[PDB]
Amino acid sequence: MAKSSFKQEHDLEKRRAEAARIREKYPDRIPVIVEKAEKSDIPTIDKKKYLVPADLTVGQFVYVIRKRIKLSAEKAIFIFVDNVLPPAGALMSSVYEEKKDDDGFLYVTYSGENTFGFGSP
């Protein structure tokens, strides 16, 4: 209902392994799986999945998306997961190991705001 991707393509072995493999490896980079929300209207960003360092926060991950993906000036991005709205400033890292975790891999879903929805080509 909230996100849509991994639920269609399950592969814990991959998530679990890559998760513990990285935390054991050294980089300790936050595995972020960006996915388009159901009511998402912010298309352009190559979401899919990619490992992002834990040396940053939630809003930093947002800063990663940097709302430069055909986004508007005064506007920005917004993430929804499991019907939530992360602290966007906390710390995807600590957070990853303090509240939200499934194995070590982090799954997120992006969504925009009053970005694009007027006239399409």
# chains A, B, ... in the order shown; residues from 1 in each chain; ligands from 1
>>> select_by_dssp(residues="chain A", states="strand (DSSP E)", output="list in words")
residues 29, 30, 31, 32, 33, 50, 51, 52, 53, 78, 79, 106, 107, 110 and 111 of chain A
>>> closest_atom_pairs(of="range 22-91 of chain A", to="range 113-119 of chain A", cutoff="7 Å", atoms="only C-alpha atoms", output="CSV")
residue,atom,partner,partner_atom,distance
A:41,CA,A:116,CA,6.4
A:42,CA,A:115,CA,6.4
A:71,CA,A:115,CA,5.5
A:72,CA,A:115,CA,5.7
A:75,CA,A:115,CA,6.7
A:76,CA,A:113,CA,6.7
A:77,CA,A:113,CA,6.5
>>> closest_atom_pairs(of="range 62-104 of chain A", to="range 5-16 of chain A", cutoff="9 Å", atoms="only C-alpha atoms", output="CSV")
residue,atom,partner,partner_atom,distance
A:102,CA,A:16,CA,8.1
A:103,CA,A:16,CA,5.2
A:104,CA,A:16,CA,6.3
>>> closest_residue(among="A:56, A:64, A:51, A:34", to="residue 79 in chain A", atoms="only C-alpha atoms")
A:34
>>> closest_residue(among="A:112, A:53, A:89, A:59", to="residue 35 in chain A", atoms="only C-alpha atoms")
A:112
>>> closest_residue(among="A:45, A:81, A:73, A:62", to="residue 107 in chain A", atoms="only C-alpha atoms")
A:81
>>> select_by_dssp(residues="chain A", states="helix (DSSP H, G or I)", output="MDAnalysis selection string")
chainID A and resid 12:25 58:65 92:98
>>> atom_distance(atom1="CA of residue 17 in chain A", atom2="CA of residue 99 in chain A")
19.9 Å
>>> closest_residue(among="A:105, A:1, A:50, A:110", to="residue 21 in chain A", atoms="only C-alpha atoms")
A:105
>>> residues_around(residues="residue 49 in chain A", least_positions_apart="4", cutoff="8 Å", atoms="only C-alpha atoms", output="list in words")
residues 31, 32, 33 and 34 of chain A
>>> residues_around(residues="residue 3 in chain A", least_positions_apart="5", cutoff="9 Å", atoms="only C-alpha atoms", output="number ranges by chain")
A: 35-38, 80-83, 108-110
>>> closest_residue(among="A:20, A:58, A:69, A:30", to="residue 46 in chain A", atoms="only C-alpha atoms")
A:69
